[PDB]
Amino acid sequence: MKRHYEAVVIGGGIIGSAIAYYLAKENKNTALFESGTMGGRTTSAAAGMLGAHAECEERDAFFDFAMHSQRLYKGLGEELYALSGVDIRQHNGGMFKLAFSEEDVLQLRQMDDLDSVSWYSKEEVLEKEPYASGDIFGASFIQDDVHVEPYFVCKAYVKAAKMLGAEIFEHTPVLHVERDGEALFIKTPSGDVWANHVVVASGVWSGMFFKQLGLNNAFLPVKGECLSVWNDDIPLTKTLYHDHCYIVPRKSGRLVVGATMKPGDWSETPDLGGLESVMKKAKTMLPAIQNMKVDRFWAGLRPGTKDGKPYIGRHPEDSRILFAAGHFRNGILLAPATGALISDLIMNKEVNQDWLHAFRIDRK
């Protein structure tokens, strides 16, 4: 552990890992501190949908940022594999957003004018996916709302960062950021470090740092429970999505299934009632899943903010300190654009003012 770094990142989920990579790529001398292991919390619980078209209700700067991040994934697998040897496991089948009523149909068809979406009738859906529930009314097909394996996107980013000279410290929680002197310094149980810039990317745990730095921004966990099964018997290429729940086919032959929403629960392991509810929902979407062998079950904590949008930007009173936290159901999707925007700010490059405004820290 060196005494001085140009940039220090606090937290090693997908968000901090991406930021470290983009900083290292700009030749900033960078360190990352993670309390546990890289990718070991909410990042490991995520399905991995690049779900930009759960964001086009409202068609605003948040949708625009989401589509930009989706485009950034285009060459990303190759770029990171060349440096890390780690495959992000991209699956380009796309998504059927299912309807189970005429009310569902009217809501989904509001997206018809987007070039990125096409409406499929009940019969057109079943020709492509014969095992989708016969109670559907049709589905919006979203070709580019693909998926990746999030733990491996995170490991790819961090290994690439390391090969570009970033210094990674697992099992090293950050206790304090100060703030006082002409440089920031951070305190850890194994010594102290100075930095020209500090980035807080500690997910749902980020509130301690806002408060330490004179800011009241808070986070509420919304727990989500999931399971996986082996699909050894039927074809399924597209992701199936309904009412924030999903069945995602991975290239291992597993299906990933979720999820509950349990506000205010900080526990990271699933309950019996939660898993029961996940099973019940999945069966309404793909009836044949009742016969599939169960693999695993898990949970994670979504980092909920007051208004439901992330904080991505500078401390309003100190440009040396930055935050990137509060990606509720979209942190995998938004990892590259988040990483790029934070790196650009630290480098004093011009950035998109609509995104700078939308994600700013002081939203009064």
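So that there is no doubt, residue numbering starts at 1 and follows the sequence shown.
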**Complete:** Entry B factor averaged over C-alpha atoms, 1-9 against 353-361: higher for 1-9
**Request:** For the higher mean C-alpha B factor in the entry, choose 207-215 or 122-130.
**Result:** 122-130
**Complete:** For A195, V222, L272, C226, the deposited C-alpha B-factor is largest at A195
**Message:** Among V256, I289, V117, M95, where is the Cα B factor highest in this entry?
**Reply:** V117
**Item:** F152 - which third its CA temperature factor falls in, relative to the rest of the chain
**Value:** lowest
**Message:** Please place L23 in the lowest, middle or highest third of its chain according to the CA B-factor in the PDB entry.
**Reply:** middle
**B-factor third for the C-alpha atom of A335 within its chain** = lowest
**Request:** For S343, return the chain-relative third of its C-alpha B-factor as stated in the PDB record: lowest, middle or highest.
**Result:** middle
**Request:** Please place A31 in the lowest, middle or highest third of its chain by C-alpha B factor as given in the entry.
**Result:** middle
